[PDB]
file coords.txt (compact mmCIF, C-alpha atoms)
# COMPACT_ATOMS: atom_id res chain seq x y z
CA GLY A 1 0.00 0.00 0.00
CA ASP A 2 2.24 2.76 -1.35
CA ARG A 3 0.64 6.20 -1.74
CA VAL A 4 3.17 8.98 -1.21
CA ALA A 5 5.53 9.89 -4.03
CA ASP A 6 8.63 9.65 -1.80
CA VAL A 7 8.26 5.84 -1.91
CA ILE A 8 6.87 5.19 -5.40
CA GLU A 9 9.83 7.06 -6.92
CA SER A 10 12.30 5.20 -4.70
CA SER A 11 15.30 3.02 -5.50
CA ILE A 12 15.17 1.28 -2.12
CA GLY A 13 14.89 -2.46 -2.61
CA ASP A 14 16.82 -2.46 -5.89
CA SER A 15 18.61 -5.79 -5.59
CA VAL A 16 19.84 -5.93 -9.20
CA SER A 17 23.60 -5.35 -9.30
CA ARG A 18 24.17 -2.52 -11.77
CA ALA A 19 27.48 -3.12 -13.48
CA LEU A 20 29.43 -0.87 -15.84
CA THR A 21 31.19 -3.82 -17.49
CA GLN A 22 30.59 -6.86 -19.67
CA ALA A 23 32.72 -9.98 -20.00
CA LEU A 24 33.41 -10.72 -23.64
CA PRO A 25 35.11 -13.74 -25.23
CA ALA A 26 38.89 -13.44 -25.56
CA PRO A 27 40.10 -16.84 -26.73
CA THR A 28 43.09 -15.42 -28.56
CA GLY A 29 45.26 -12.38 -28.22
CA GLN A 30 44.04 -9.16 -29.74
CA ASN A 31 44.99 -8.71 -33.36
CA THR A 32 46.81 -5.69 -34.71
CA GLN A 33 45.43 -3.37 -37.39
CA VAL A 34 47.36 -1.40 -39.97
CA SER A 35 48.15 2.16 -38.95
CA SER A 36 49.52 5.20 -40.74
CA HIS A 37 50.85 8.64 -39.93
CA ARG A 38 48.61 11.15 -38.18
CA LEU A 39 49.48 14.86 -38.27
CA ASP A 40 46.40 16.39 -36.68
CA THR A 41 45.32 18.44 -33.66
CA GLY A 42 42.74 17.87 -30.94
CA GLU A 43 43.20 14.13 -30.61
CA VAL A 44 46.09 13.03 -28.37
CA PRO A 45 45.97 9.30 -27.54
CA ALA A 46 49.33 9.31 -25.73
CA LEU A 47 48.45 11.88 -23.06
CA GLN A 48 46.65 10.24 -20.17
CA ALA A 49 45.54 10.96 -16.62
CA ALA A 50 46.57 8.30 -14.14
CA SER B 1 66.75 -21.92 -75.31
CA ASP B 2 68.35 -23.11 -72.08
CA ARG B 3 72.10 -22.39 -72.19
CA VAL B 4 71.55 -18.60 -72.26
CA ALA B 5 70.24 -16.56 -69.37
CA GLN B 6 69.73 -12.93 -68.46
CA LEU B 7 69.23 -12.37 -64.74
CA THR B 8 67.85 -8.86 -64.33
CA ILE B 9 67.06 -7.54 -60.87
CA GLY B 10 67.31 -3.89 -59.98
CA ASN B 11 69.99 -1.88 -61.75
CA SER B 12 72.09 -4.95 -62.49
CA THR B 13 72.17 -7.58 -65.20
CA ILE B 14 74.11 -10.82 -65.66
CA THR B 15 74.34 -12.35 -69.12
CA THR B 16 75.39 -15.95 -69.62
CA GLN B 17 76.08 -17.91 -72.79
CA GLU B 18 77.06 -21.25 -71.22
CA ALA B 19 74.44 -21.83 -68.54
CA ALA B 20 72.84 -25.06 -67.39
CA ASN B 21 69.58 -23.82 -65.82
CA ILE B 22 68.40 -22.07 -62.64
CA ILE B 23 67.91 -24.01 -59.41
CA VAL B 24 65.07 -22.86 -57.17
CA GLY B 25 65.81 -23.93 -53.63
CA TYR B 26 63.47 -26.51 -52.12
CA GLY B 27 60.93 -25.61 -54.79
CA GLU B 28 59.98 -22.33 -53.12
CA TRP B 29 60.44 -18.85 -54.49
CA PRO B 30 61.48 -16.04 -52.15
CA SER B 31 58.56 -14.20 -50.62
CA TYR B 32 57.45 -11.75 -47.97
CA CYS B 33 56.12 -12.62 -44.53
CA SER B 34 52.39 -13.10 -44.10
CA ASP B 35 50.25 -11.53 -41.40
CA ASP B 36 49.47 -15.00 -40.07
CA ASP B 37 53.16 -15.80 -39.64
CA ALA B 38 54.37 -12.40 -38.43
CA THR B 39 54.54 -11.41 -34.78
CA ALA B 40 56.31 -8.03 -34.68
CA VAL B 41 53.87 -5.15 -35.03
CA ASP B 42 56.26 -2.60 -36.53
CA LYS B 43 55.78 -1.81 -40.18
CA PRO B 44 58.82 -3.13 -42.07
CA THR B 45 60.69 -1.18 -44.68
CA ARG B 46 60.81 -2.98 -48.03
CA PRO B 47 63.46 -1.29 -50.19
CA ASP B 48 62.92 -2.86 -53.56
CA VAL B 49 65.87 -1.90 -55.77
CA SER B 50 68.56 -0.41 -53.53
CA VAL B 51 69.25 -3.75 -51.84
CA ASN B 52 67.63 -6.28 -54.19
CA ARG B 53 70.44 -6.20 -56.73
CA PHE B 54 73.61 -8.05 -57.59
CA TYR B 55 76.73 -7.50 -55.51
CA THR B 56 80.16 -8.89 -56.37
CA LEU B 57 82.30 -10.06 -53.50
CA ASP B 58 85.84 -11.02 -54.51
CA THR B 59 87.76 -13.61 -56.52
CA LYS B 60 89.28 -16.91 -55.49
CA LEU B 61 91.87 -18.63 -57.67
CA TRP B 62 91.32 -22.25 -58.62
CA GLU B 63 94.82 -23.70 -58.49
CA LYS B 64 95.75 -27.36 -58.75
CA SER B 65 95.92 -27.96 -54.99
CA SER B 66 92.83 -25.97 -54.07
CA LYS B 67 90.66 -27.54 -51.38
CA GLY B 68 87.57 -25.35 -51.14
CA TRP B 69 86.04 -22.20 -49.71
CA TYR B 70 82.90 -21.20 -47.86
CA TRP B 71 80.96 -17.96 -47.58
CA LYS B 72 78.43 -17.42 -44.80
CA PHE B 73 75.21 -15.56 -45.48
CA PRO B 74 74.29 -12.68 -44.87
CA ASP B 75 77.72 -11.92 -43.42
CA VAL B 76 78.85 -11.26 -47.00
CA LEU B 77 76.75 -8.08 -47.28
CA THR B 78 76.97 -6.38 -43.88
CA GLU B 79 79.72 -3.95 -44.93
CA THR B 80 78.56 -3.46 -48.51
CA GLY B 81 75.98 -1.09 -49.90
CA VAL B 82 72.57 0.07 -48.78
CA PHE B 83 71.81 -3.50 -47.69
CA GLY B 84 74.63 -3.55 -45.16
CA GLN B 85 73.63 -0.26 -43.59
CA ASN B 86 69.99 -1.18 -43.09
CA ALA B 87 71.17 -4.45 -41.55
CA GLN B 88 73.27 -2.41 -39.14
CA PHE B 89 70.54 0.14 -38.49
CA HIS B 90 67.87 -2.54 -38.00
CA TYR B 91 67.57 -5.46 -35.61
CA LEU B 92 65.64 -7.88 -37.85
CA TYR B 93 66.11 -9.05 -41.42
CA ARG B 94 64.42 -11.34 -43.93
CA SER B 95 65.53 -12.00 -47.50
CA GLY B 96 66.02 -14.68 -50.06
CA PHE B 97 69.01 -14.85 -52.33
CA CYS B 98 70.06 -15.54 -55.90
CA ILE B 99 73.64 -16.80 -55.86
CA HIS B 100 75.69 -16.83 -59.06
CA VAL B 101 79.15 -18.35 -59.39
CA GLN B 102 81.34 -17.74 -62.43
CA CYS B 103 84.33 -19.77 -63.58
CA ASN B 104 85.33 -19.44 -67.22
CA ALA B 105 87.99 -21.56 -68.87
CA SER B 106 88.93 -22.83 -72.31
CA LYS B 107 87.90 -25.98 -74.13
CA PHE B 108 91.33 -27.42 -73.23
CA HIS B 109 90.90 -27.03 -69.47
CA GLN B 110 89.03 -29.56 -67.39
CA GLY B 111 87.64 -29.72 -63.89
CA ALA B 112 84.50 -29.73 -61.80
CA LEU B 113 83.26 -27.70 -58.86
CA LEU B 114 80.45 -28.51 -56.49
CA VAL B 115 78.51 -25.39 -55.58
CA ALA B 116 76.23 -26.23 -52.65
CA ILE B 117 73.96 -24.35 -50.25
CA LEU B 118 74.05 -25.88 -46.76
CA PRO B 119 71.68 -24.33 -44.19
CA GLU B 120 73.00 -23.80 -40.68
CA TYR B 121 76.53 -24.77 -41.65
CA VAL B 122 77.92 -24.96 -38.14
CA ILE B 123 81.70 -25.15 -38.07
CA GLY B 124 83.68 -27.73 -36.14
CA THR B 125 87.24 -27.94 -34.90
CA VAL B 126 89.94 -30.60 -35.02
CA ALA B 127 89.81 -30.86 -31.20
CA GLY B 128 93.58 -30.59 -31.15
CA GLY B 129 93.73 -33.73 -33.27
CA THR B 130 93.74 -36.03 -30.26
CA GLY B 131 90.04 -35.37 -29.62
CA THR B 132 90.47 -34.29 -25.98
CA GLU B 133 90.05 -30.52 -26.22
CA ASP B 134 86.63 -28.87 -26.46
CA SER B 135 88.04 -26.12 -28.61
CA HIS B 136 85.86 -23.66 -30.48
CA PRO B 137 86.43 -21.82 -33.75
CA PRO B 138 87.28 -18.10 -33.77
CA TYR B 139 85.16 -15.30 -35.15
CA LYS B 140 87.58 -14.96 -38.08
CA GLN B 141 86.66 -18.50 -39.13
CA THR B 142 82.99 -18.73 -38.17
CA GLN B 143 81.97 -15.51 -39.97
CA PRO B 144 84.80 -14.58 -42.37
CA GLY B 145 83.05 -11.96 -44.48
CA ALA B 146 83.22 -11.63 -48.24
CA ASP B 147 86.83 -12.81 -48.52
CA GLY B 148 85.66 -16.24 -47.38
CA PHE B 149 87.62 -18.93 -45.60
CA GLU B 150 89.32 -22.01 -46.99
CA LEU B 151 88.58 -25.54 -45.85
CA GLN B 152 91.32 -27.54 -44.15
CA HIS B 153 89.52 -30.90 -44.28
CA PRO B 154 87.04 -30.66 -47.17
CA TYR B 155 86.09 -34.33 -47.10
CA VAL B 156 84.15 -33.73 -43.88
CA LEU B 157 83.36 -30.07 -44.69
CA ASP B 158 85.09 -29.10 -41.42
CA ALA B 159 82.01 -30.29 -39.51
CA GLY B 160 82.24 -34.09 -39.55
CA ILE B 161 79.65 -34.49 -42.31
CA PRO B 162 80.71 -35.93 -45.67
CA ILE B 163 81.01 -34.03 -48.92
CA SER B 164 79.45 -36.97 -50.79
CA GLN B 165 75.95 -36.48 -49.36
CA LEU B 166 75.94 -32.69 -49.84
CA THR B 167 73.94 -33.07 -53.06
CA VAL B 168 70.84 -33.56 -50.90
CA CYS B 169 70.93 -29.80 -50.39
CA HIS B 170 70.80 -27.35 -53.27
CA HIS B 171 73.63 -27.65 -55.70
CA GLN B 172 74.85 -27.17 -59.20
CA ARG B 173 78.05 -28.43 -60.79
CA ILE B 174 80.41 -26.25 -62.85
CA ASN B 175 81.89 -28.59 -65.43
CA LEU B 176 84.26 -26.57 -67.57
CA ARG B 177 83.36 -28.61 -70.65
CA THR B 178 79.65 -27.92 -70.16
CA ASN B 179 79.14 -24.70 -68.20
CA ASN B 180 80.80 -21.75 -66.51
CA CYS B 181 77.92 -20.48 -64.34
CA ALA B 182 75.79 -21.83 -61.51
CA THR B 183 72.54 -20.11 -60.51
CA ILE B 184 70.86 -21.05 -57.23
CA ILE B 185 67.80 -19.18 -55.97
CA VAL B 186 67.38 -19.59 -52.21
CA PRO B 187 64.29 -18.66 -50.19
CA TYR B 188 64.41 -17.51 -46.59
CA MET B 189 65.08 -20.51 -44.36
CA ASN B 190 64.50 -20.16 -40.66
CA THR B 191 62.28 -21.34 -37.87
CA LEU B 192 61.49 -17.66 -37.36
CA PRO B 193 60.01 -15.17 -39.82
CA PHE B 194 62.75 -12.68 -38.98
CA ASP B 195 66.19 -12.78 -37.45
CA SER B 196 69.24 -10.60 -37.02
CA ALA B 197 71.76 -10.48 -39.85
CA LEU B 198 74.78 -9.82 -37.61
CA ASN B 199 74.54 -12.73 -35.14
CA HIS B 200 72.76 -15.50 -37.05
CA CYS B 201 73.84 -16.81 -40.45
CA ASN B 202 71.13 -18.63 -42.36
CA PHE B 203 73.25 -20.77 -44.65
CA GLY B 204 76.68 -21.31 -46.10
CA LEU B 205 77.86 -21.49 -49.69
CA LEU B 206 80.37 -24.25 -50.34
CA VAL B 207 82.60 -24.28 -53.41
CA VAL B 208 84.65 -27.47 -53.64
CA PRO B 209 86.65 -28.92 -56.58
CA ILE B 210 85.70 -32.59 -56.78
CA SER B 211 87.84 -33.00 -59.90
CA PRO B 212 91.23 -31.24 -59.99
CA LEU B 213 91.86 -28.52 -62.52
CA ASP B 214 94.28 -29.58 -65.24
CA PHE B 215 95.84 -27.82 -68.22
CA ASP B 216 99.03 -28.14 -70.21
CA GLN B 217 101.54 -25.34 -69.83
CA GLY B 218 101.15 -22.76 -72.54
CA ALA B 219 97.58 -22.12 -71.49
CA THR B 220 96.46 -19.59 -68.92
CA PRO B 221 97.24 -20.86 -65.39
CA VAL B 222 94.98 -18.37 -63.58
CA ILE B 223 91.35 -19.46 -63.36
CA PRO B 224 89.35 -17.27 -60.95
CA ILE B 225 86.00 -17.93 -59.34
CA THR B 226 83.75 -14.98 -58.58
CA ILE B 227 80.68 -15.02 -56.38
CA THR B 228 77.82 -12.77 -57.45
CA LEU B 229 74.72 -12.59 -55.34
CA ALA B 230 71.48 -10.68 -55.09
CA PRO B 231 69.12 -10.33 -52.17
CA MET B 232 65.52 -10.95 -53.07
CA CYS B 233 62.28 -10.01 -51.33
CA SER B 234 64.18 -8.24 -48.57
CA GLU B 235 62.55 -6.90 -45.41
CA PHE B 236 63.89 -5.03 -42.40
CA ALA B 237 62.41 -4.15 -39.04
CA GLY B 238 63.37 -2.70 -35.70
CA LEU B 239 65.21 0.55 -36.03
CA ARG B 240 67.93 1.76 -33.68
CA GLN B 241 71.53 2.87 -33.86
CA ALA B 242 73.98 1.21 -36.21
CA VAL B 243 76.01 -1.64 -34.74
CA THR B 244 78.62 -3.63 -36.61
CA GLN B 245 78.83 -6.82 -34.54
call {"tool": "encode", "arguments": {"input": "coords.txt", "output": "structure tokens"}}
result
Amino acid sequence: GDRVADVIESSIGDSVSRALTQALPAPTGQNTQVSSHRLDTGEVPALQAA
Amino acid sequence: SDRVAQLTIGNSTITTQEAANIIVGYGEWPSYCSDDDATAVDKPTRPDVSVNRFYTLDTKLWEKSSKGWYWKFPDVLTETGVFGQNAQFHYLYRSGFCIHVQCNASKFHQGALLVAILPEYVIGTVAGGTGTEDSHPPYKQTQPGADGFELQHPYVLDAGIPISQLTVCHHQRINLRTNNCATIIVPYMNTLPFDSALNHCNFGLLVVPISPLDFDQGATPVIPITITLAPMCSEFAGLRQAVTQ
């Protein structure tokens, strides 16, 4: 018997484990693709934030 | 239409009027490395004419009491040309070869040479003769360059294996009545798709007179033998500073 909106709109009792991930099949090592020269701005795949 | 040949690769050209034929080693032509077989991810440089071309090493004189000579590959071309700089500047290497051996003489000379390609021609020692010493050969003798090294005991090829059964590898025979050239085309032979040119030698080239040279005096007593060789389908990978040995 739920009537107020503070309990209909609730997430209490959410037992499902919300995961950000997904296990995918990796039977072999990852293959390598062919790559060329890039001489552009904006995109910097070597600069990271540990 | 068999005793004449024109071998054209790059900016070089060998004409022959007294050929036998061309031997293709183990029935495989030289090739490049597949993507299935490769493991290194670097993109290899494939210089197509600056290193795939005929080089000419030096001359050896076939005298009466000559015993034989060997040349180790690719030690012959590590101080010679644009090939031998890329081999220094790179860590890996992969090429076939087209070897060509010339020995011209009259129709009054006679003799035979065995020209064989032996993979992984590991060199042995006389063990001091007695057989007690676990001696090892020097670097002068293991990898002697383009001036080659002469055999002391050519019956056993200085490794304990007999000359007689060497025709199970690639070979041609230079019979001075019949021919004066020998063309052998070698693929890349290794367990690995790539290897270093400065530490590992893929095969050796044996030149052995089975029949002694003979001529009557009045003729020309100087009969050279010249080795002429082309890399084929060459590939290099792994770039760093140049190192000689």
call {"tool": "closest_residue", "arguments": {"input": "coords.txt", "among": "B:100, B:64, B:43, B:240", "to": "residue B:184", "atoms": "all atoms listed in the file"}}
result
B:100
call {"tool": "closest_atom_pairs", "arguments": {"input": "coords.txt", "of": "chain B", "to": "chain A", "cutoff": "12 Å", "atoms": "only C-alpha atoms", "output": "Markdown table"}}
result
| residue | atom | partner | partner_atom | distance |
| --- | --- | --- | --- | --- |
| B:35 | CA | A:32 | CA | 9.5 |
| B:36 | CA | A:31 | CA | 10.2 |
| B:38 | CA | A:32 | CA | 10.8 |
| B:39 | CA | A:32 | CA | 9.6 |
| B:40 | CA | A:32 | CA | 9.8 |
| B:41 | CA | A:32 | CA | 7.1 |
| B:42 | CA | A:34 | CA | 9.6 |
| B:43 | CA | A:34 | CA | 8.4 |
| B:44 | CA | A:34 | CA | 11.8 |
call {"tool": "closest_residue", "arguments": {"input": "coords.txt", "among": "B:245, B:164, B:95, B:226", "to": "residue B:78", "atoms": "only C-alpha atoms"}}
result
B:245
call {"tool": "atom_distance", "arguments": {"input": "coords.txt", "atom1": "atom CA of residue B:217", "atom2": "atom CA of residue B:153"}}
result
28.8 Å
call {"tool": "closest_atom_pairs", "arguments": {"input": "coords.txt", "of": "stretch 93-194 of chain B", "to": "stretch 47-57 of chain B", "cutoff": "9 Å", "atoms": "all atoms listed in the file", "output": "JSON lines"}}
result
{"residue": "B:97", "atom": "CA", "partner": "B:52", "partner_atom": "CA", "distance": 8.9}
{"residue": "B:98", "atom": "CA", "partner": "B:54", "partner_atom": "CA", "distance": 8.5}
{"residue": "B:99", "atom": "CA", "partner": "B:54", "partner_atom": "CA", "distance": 8.9}
{"residue": "B:146", "atom": "CA", "partner": "B:57", "partner_atom": "CA", "distance": 5.6}
{"residue": "B:147", "atom": "CA", "partner": "B:57", "partner_atom": "CA", "distance": 7.3}
call {"tool": "closest_residue", "arguments": {"input": "coords.txt", "among": "B:107, B:125, B:114, B:174", "to": "residue B:19", "atoms": "all atoms listed in the file"}}
result
B:174
